[PDB]
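Below, chain A is the first sequence line, B the second, and so on; all start at residue 1. Side chains included, hydrogens not; waters and symmetry mates left out as well; all remaining heavy atoms used.
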Amino acid sequence: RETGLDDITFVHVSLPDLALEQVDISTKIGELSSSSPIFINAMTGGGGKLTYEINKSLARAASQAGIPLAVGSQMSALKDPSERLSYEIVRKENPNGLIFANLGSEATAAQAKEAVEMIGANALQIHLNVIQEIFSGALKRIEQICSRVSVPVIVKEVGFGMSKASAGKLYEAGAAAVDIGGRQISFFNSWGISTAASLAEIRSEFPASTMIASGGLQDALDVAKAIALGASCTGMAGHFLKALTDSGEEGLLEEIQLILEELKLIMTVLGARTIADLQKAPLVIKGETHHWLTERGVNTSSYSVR
Amino acid sequence: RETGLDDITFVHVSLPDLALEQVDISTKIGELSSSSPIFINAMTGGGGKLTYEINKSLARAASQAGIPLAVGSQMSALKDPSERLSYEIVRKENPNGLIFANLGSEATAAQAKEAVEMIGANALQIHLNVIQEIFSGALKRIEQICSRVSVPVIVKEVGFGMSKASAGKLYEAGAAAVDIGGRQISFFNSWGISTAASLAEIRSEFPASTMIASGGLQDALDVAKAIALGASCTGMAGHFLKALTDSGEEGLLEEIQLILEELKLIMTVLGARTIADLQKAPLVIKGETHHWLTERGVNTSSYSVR
Amino acid sequence: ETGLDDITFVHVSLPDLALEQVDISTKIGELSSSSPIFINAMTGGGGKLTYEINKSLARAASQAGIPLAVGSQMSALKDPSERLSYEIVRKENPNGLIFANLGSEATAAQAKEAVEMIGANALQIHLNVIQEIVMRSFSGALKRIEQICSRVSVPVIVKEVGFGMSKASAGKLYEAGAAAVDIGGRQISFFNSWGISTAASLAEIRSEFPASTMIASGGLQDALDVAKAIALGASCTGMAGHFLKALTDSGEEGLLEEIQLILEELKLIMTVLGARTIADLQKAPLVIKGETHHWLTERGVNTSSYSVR
Amino acid sequence: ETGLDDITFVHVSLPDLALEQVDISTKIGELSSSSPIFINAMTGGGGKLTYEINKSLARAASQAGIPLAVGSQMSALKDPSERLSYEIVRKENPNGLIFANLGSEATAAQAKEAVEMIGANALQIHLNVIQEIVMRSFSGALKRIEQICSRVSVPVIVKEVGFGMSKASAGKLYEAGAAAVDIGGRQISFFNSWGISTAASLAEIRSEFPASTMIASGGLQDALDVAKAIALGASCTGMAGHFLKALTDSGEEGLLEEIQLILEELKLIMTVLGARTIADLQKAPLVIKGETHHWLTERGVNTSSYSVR
Amino acid sequence: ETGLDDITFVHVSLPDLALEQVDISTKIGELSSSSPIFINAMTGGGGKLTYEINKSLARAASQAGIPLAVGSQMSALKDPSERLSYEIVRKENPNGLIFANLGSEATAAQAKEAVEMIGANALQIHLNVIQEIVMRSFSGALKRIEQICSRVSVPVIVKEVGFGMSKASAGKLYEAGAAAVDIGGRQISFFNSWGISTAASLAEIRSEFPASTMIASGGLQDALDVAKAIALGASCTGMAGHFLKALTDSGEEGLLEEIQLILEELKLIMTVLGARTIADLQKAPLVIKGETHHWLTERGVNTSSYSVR
Amino acid sequence: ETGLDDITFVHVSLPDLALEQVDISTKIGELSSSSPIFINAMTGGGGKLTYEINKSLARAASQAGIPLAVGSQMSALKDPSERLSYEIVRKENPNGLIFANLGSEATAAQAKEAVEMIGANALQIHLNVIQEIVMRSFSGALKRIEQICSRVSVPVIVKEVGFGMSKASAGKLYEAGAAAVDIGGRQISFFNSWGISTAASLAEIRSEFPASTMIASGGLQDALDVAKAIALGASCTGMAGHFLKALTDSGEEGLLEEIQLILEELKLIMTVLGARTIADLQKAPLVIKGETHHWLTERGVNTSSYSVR
């Protein structure tokens, strides 16, 4: 379905007064500092040595390009010494880069700590997806995980968006950030909140909190729009995965460098020198996203008059 | 035509913190208590022994599933001893369940009392449908019926919806509830108020009054939306009737149990433990329903910010 | 689609016939019927409800004088209670044509029992390989049909449910002893565009077996579809849907009215075509176009003969 | 549709004709007409209003020199007042061709009276079985037409209203004595896709009766449709709609202008085709495509002859 | 539409040709051209502006080595100033092929003067009956062309503007003395669906006159349309639009680049088809479908020969 | 499109076959395969990743018993590291059929080295003129193939990537020594509607070389497309997409499940058609319609034989 980003139009800047070389795309995720506003979301894969090499290549490219790498689920690697090697390799090959651990919301605090130590993670992603998994204690388990692990915890919603009330609960539980991954199955055909509306809604209530948008971002323009809506960083999988399988590490690195240059180009045209400036770039929200936000009490005009 | 329910989108709840087994779907219709928020609307049928057996089977399934049964029109059974047997059977086969009598708005207070006694009814449905019947004294006749019968009276509008002014008049006349059954014929091609708009409109003026939605509800999601818009109970015919004719009583019972479990599933995902909670579930109204309600002075944002 | 929309009768300007002269009687093999339309009952959900529906359908069929094909009798063979729901059809309709109904897995003994259960005048054996493969084992179907035809004392109608029937299949069935064929008109995606339309099947089969009995049932929307199926060679047509709907809505009286209405609508069409009898309707000039025309042309079936006759 | 959009004239690059040399005179049987287009009046609502409309149409027809076919004279036969509304046509147009008009239920006596009422040069007998069956009894229509043709003293034109005419129907009518046929181009749903288009009827009939008179009326939108109908074999074409509209909007002067304009537009088309006379237009090379082409091919009518002539 | 989208070349998997071996030279009657594409200049608005445009087109044509057909010289015949805008074409392009241009109303004296004005190698005479009838008098056009062909000292190309050309028209023109025909591809509504497409005209004419020169101009969008027209039998093709656009946008340099590019794109298509010369492209196997296929089939033109050659 | 949607199997009502009797073994020239479907691996991005993907595909192919065609070995010929990614296929699958793969620019020495690298049972030589002309030099391709066939010790399969193959091209390849042909199904705009569909290529080639080996790969969406390609004459079919997707998503176990599933789905289709063996499926009656039917008719390929067989 749609991310809602097509309902966003930046206000054209005629005199950006900026050179492409002055553009700084460094950003922050909670207390972490990243040289890139885009990170790689690896897939869990089918395991075996193939997943091992895919992870090793993703880690090598991430290390060379200087972008963060979020591994696929470590739930099975926690009890499988062999699969564990396919995660440890990421840190061995990328000793100085940002790497995010990954477990589901069912994980215990002890599992969370183990997943973080396995790859010397700088952050931990915890995934939520009630709709697909169809409960009680989920928030409490997340609170304990945030308490027990020292690194920032990023709670990710898969496929249905996230409301401001849900983000508020996660932030109160201790989450450093939320990641909007924007016969019974029919009930959810038109269910959820789009990525664009989720970002605007959450930002209206928690202006200084960290939000990440992942999944569904097709190109640098979508990345730019998610950042303008409030995201501090964005995740991408498919495009990078395809580049790796089709052109190897060299191809993936090229694709990574490409999208980063395209984002800087867009920022240049908008006269946005830094990520902070892009997060304040004037834009107009229309269509379904506009209607949703208006009914939800979120001010849309402030995006256009800022 | 459309019920308008597609113009309703629940706000996704990421952390419902609820187990399917904690969900309570019991509700109330005026002073009556029902273990189910869904009831069966029988059709008048062609009479004869076929209607007798259909009614007997509907009554048996209703009794076993614990859901209420509203019989088809009793107008002809009032003067036909033979057809009378096809209604008396419902109470004989379902001694302890909720059964609703049914007559048209032309019925007299004496007919109303007779229809109620015929099946030991717990409530009486009185149907309105001026558009199809093309008058004076209709409301007065309904007032007398409400005065003369002790059981709660449910006034049902067939096909064109019901405005808040119309519901107000019915409540003042003594009705315990309203049921939104959402060359001259051409004039009414785009006539009426949708089920969604009727429910929202009536609820805005009579927040504590009983409303029922019947007809046009396709599945548990529609049932959930009508309840969120204010309905205390919902009626269904077609789907149950088809199940009976195609798979007998056992099939009907299965279909009944199925839709109830699907409603609980939706409630679970929304974090709504009870019907009262579902009636307060945050949602966004859009499209034609939104426009209609806005012009009619009904606050739509309160549904989204609640 | 049935493919009948690809059929267009050649307009007759001087039909020279009064509605009152129209005779719609027909023959199904050696069986004589006063109506070219019969009722296809559904198996239903069993119980007293199916019993009353079957009783009403039998009553209506008896009064309207049209044939009645019951739903599958497979379960009634071992269920005493369900059996009563089929026997009632013959008790309520002692003089009308009634067709028994079993699947191709039936044995000759089961076939005789189904016929005896309702004093049947003919027996339908249904074939539905594709539907069964989706929901296995098709070996012996023709053998079973052959054993059935030589052992029952009534004509056997072999019915294809949903995917049409080729002239080769019809030939194997007639050769095996069938008195007539009835064109009922994930892994399931494989069969989305599978099959032969009712219109193409009738034309194909008739081209090879001009004197053989064919029936079309399923998908016939109104009297015009009935007229077209007969013009393509069918001796009788079956309908279920709107007949059962009329019953549940307006009872026996409604069903009877609906049956009388479609029969009068057919006579009206025949009047406009100048077709005084079913035999004349079976020779009414018409033009075949579209998908049906292409299909028959590729299969070697002459289409222009329908238009020049 | 008339099916005329399925007809495409073969472009002539060197027509070698000046508009002034174009002759649009034609013949309808033994009748000679200076125009290949005639006015089809409507029966109207009676009273003095229909009288004045008929008078104006007769005036315009007389001045433009084109034929006039009156509306149904059935009621005027027994209504003295209505009769005046038809007699006025001949009083106002003493020298032009005027066609009388009755339905197929008419007797020979009624036919003679209708002809005498307006000093008619020909008589139209309308056939509309389908429309009458919707709104019964069609036996004897051909017999009545046969009795009429042998007893009236003028040529009879048998007109099919709305569903086209087959070559078999035309043959029965010519055999009965008709001088020409005129292709007028719930239970009612049965006839939504019923009939033969004007284009297919003209081609079918002409293939069997190359020397017989055919007329096309109804549905002709402009001079190009007129040209096409003639190229398919029609000797004359009729129009009602826009002529009556021009009358009510701009009176007699407007009607006269509209008639002169379409006649000049036809001459223009003939000029571009290099067709100096109606007989040449009737042999103008053209290609038939689509539904019309398929229909004629299935019916055994040669279509390529139109393109190679 | 030109109908060229109804043409599909049969893919050759082993063309066995290097782009460098491709020869695109062709012949137009006895005239030899190094290019199968020529420039069709427009008459323009006169004045010094048309003069410079013509000078630039002549310069580009001379350098690229392709033929140039000037705009209508009718007014330049009596206007001394306009005449300079045509003479400049031969001064600027002394060795290239240049075609003169007049309408079919031209006399033999005017034709000789137009040829002499630019030292023309051939003369185009345009026919546009329909466009002139909309905006009269077509008698004598063939006579004038016949007088012109026997009196000018160069080959005459008769061009049909917009409605295509039939094989009968082409035969009359060749019989009259034309060296080639050029298929240029209210009352105006009559001609909305009028004519023969470029593709059908080429195929029709070639079927009757296999050895005769045909040219296609107008409507050719790119090198693929050019390749297709040649495969259908054209010896040369003309283009105006994008060439004039390239001139006004990027001057002479741009026009020259655009001409070189389309010629290389044609060689590319020929390379993939294994067609080493224009003569080979004229025999390249292809399949004709759709409206064009139907048209030719009805007109008796063999279409399968194109696919089996 | 592959054109396979233009193919419709004639429904068999009495298949008389149990799924267990279905034999899907086939032959590719002298090579015997237990499966009519093989895996087409992609060249990949090299490195250890391509190595593991190739190892997994070889493992799955060995266990499922189906053939494996590797990606282009051109670079592995000079790159020692890449070479290991191909040798691993034979180490992991010692007994299965494996096809080597090089482009048409390959020499006989390179062909022998590619075969030896993986102990290949056959060698694929790919032809893709159009794709190379977009991204030059095609002379000598047939000569190179001819040199390769006489010097390698295994059968050579010549594959056309994307634009289909004509019967003339196939004849040149078989004449040159190829054991089979494989139908892989700005200036780039010229080829938007270019080519012969997979369905038309198979039918064309089979009409001229009934006993020759054809393979179809690319564009086959599911088991029904596989069944259709075989019915049109293919002995084996190749797939890449969903197999590689299953591997990356669910590893070797997932790939193996996906292969087993499509093979069972094919057996299901064959069961419903009454086709007990691949040879029977290759003779299954079917009707060809649409674009494919038109193409073959124009090319002189009999289409009705498929429907009457």
Side-chain angles (χ1 to χ4, degrees), chain E residues 4-22 203 220-228 231 258 261-276 283-294 296-297 301-309, chain F residues 104 126-134 136-146 158-173 175-176 178 181 183-184 186-197 200-201 204-205 290-291 293-301:
Chain E
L4 297 172
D5 284 344
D6 285 337
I7 277 52
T8 296
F9 283 111
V10 171
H11 177 59
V12 176
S13 299
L14 302 155
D16 205 41
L17 275 182
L19 181 77
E20 295 68 38
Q21 309 169 60
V22 184
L220 308 183
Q221 296 156 169
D222 53 30
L224 179 55
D225 281 347
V226 170
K228 288 179 177 181
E258 185 48 46
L261 188 46
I262 188 164
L263 297 173
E264 293 303 305
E265 281 162 343
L266 172 59
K267 289 177 187 170
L268 205 67
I269 291 168
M270 290 169 73
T271 298
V272 172
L273 292 170
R276 193 188 93 261
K283 296 158 205 166
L286 57 88
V287 173
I288 301 169
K289 67 171 173 200
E291 296 183 352
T292 303
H293 177 275
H294 182 71
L296 297 172
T297 304
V301 180
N302 181 115
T303 58
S304 64
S305 64
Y306 275 98
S307 319
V308 194
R309 69 193 185 166
Chain F
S104 59
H126 293 205
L127 295 172
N128 206 344
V129 170
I130 296 170
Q131 289 303 66
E132 297 164 10
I133 208 57
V134 160
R136 296 185 176 66
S137 155
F138 306 117
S139 186
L142 183 56
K143 169 178 182 170
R144 245 134 38 221
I145 290 169
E146 185 165 24
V158 178
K159 174 169 185 174
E160 160 64 54
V161 186
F163 298 96
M165 183 183 296
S166 74
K167 53 194 168 75
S169 294
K172 287 184 177 183
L173 296 168
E175 216 289 309
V181 296
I183 308 315
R186 49 184 179 181
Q187 297 158 172
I188 311 164
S189 75
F190 298 151
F191 312 99
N192 290 341
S193 306
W194 191 281
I196 307 171
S197 66
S201 305
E204 253 189 48
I205 296 166
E291 296 183 352
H293 177 275
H294 182 71
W295 177 276
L296 297 172
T297 304
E298 285 305 289
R299 295 277 284 157
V301 180

Going by heavy atoms in the side chains, are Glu160(F) and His11(E) under 4.5 Å from each other?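 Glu160(F) vs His11(E): side chains touch.
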So do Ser166(F) and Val12(E) actually touch side chain to side chain, heavy atoms under 4.5 Å? no
More than 12 heavy atoms of other groups within 6.0 Å of [X] [atom1]:
| X | atom1 | result |
| --- | --- | --- |
| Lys172(F) | NZ | no |
| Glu291(F) | CD | no |
| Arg186(F) | CZ | no |

If you take all heavy atoms of [X] and [Y], which pair is closest and at what distance?
| X | Y | result |
| --- | --- | --- |
| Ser13(E) | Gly164(F) | OG-O, 3.8 Å |
| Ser193(F) | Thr8(E) | O-CG2, 4.2 Å |
| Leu14(E) | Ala141(F) | CD2-CB, 4.2 Å |

Taking side chain as everything from C-beta outward and backbone as N, CA, C, O, which of these in [X] sits under 4.5 Å from a heavy atom of chain F? Side chain, backbone, both or neither.
| X | answer |
| --- | --- |
| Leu273(E) | side chain |
| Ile288(E) | backbone |
| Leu19(E) | side chain |

So which part of [X] gets closer than 4.5 Å to some heavy atom of chain E, the side chain, the backbone, both or neither?
| X | answer |
| --- | --- |
| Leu127(F) | side chain |
| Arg299(F) | both |
| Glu298(F) | both |

Quick check on the structure: residues of residues 221-228 of chain E within a heavy-atom distance below 4.5 Å of chain F, by number. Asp222(E), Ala223(E), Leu224(E)
From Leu142(F) atom CG to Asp16(E) atom CG, the distance as rounded to the nearest 0.5 Å: 7.0 Å
Among the options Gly195(F), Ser104(F), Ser137(F), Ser139(F), pick out the one with the most heavy-atom pairs lying under 4.5 Å from chain E.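 When all of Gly195(F), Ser104(F), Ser137(F), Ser139(F) are compared, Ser139(F) has the most.
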Applying ring pair (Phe, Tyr, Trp, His ring centres under 6.0 Å) to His294(F) and not counting sequence neighbours gives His293(E)
Does the pair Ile269(E) and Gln187(F) meet the rule for a side-chain contact (heavy atoms from CB on, under 4.5 Å), with working shown? CA-CA 9 Å; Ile269(E) 291 168; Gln187(F) 297 158 172; over 6 Å; no
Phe138(F)/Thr271(E) under side-chain contact (heavy atoms from CB on, under 4.5 Å): CA gap, chis, key distance, verdict: CA-CA 9 Å; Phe138(F) 306 117; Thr271(E) 298; 3.7 Å; yes
Should the ring pair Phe9(E) and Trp194(F) be called parallel, tilted or perpendicular, given that the plane angle runs from 0 to 90° and is split at 30 and 60?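 Ring orientation of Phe9(E) relative to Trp194(F): tilted.
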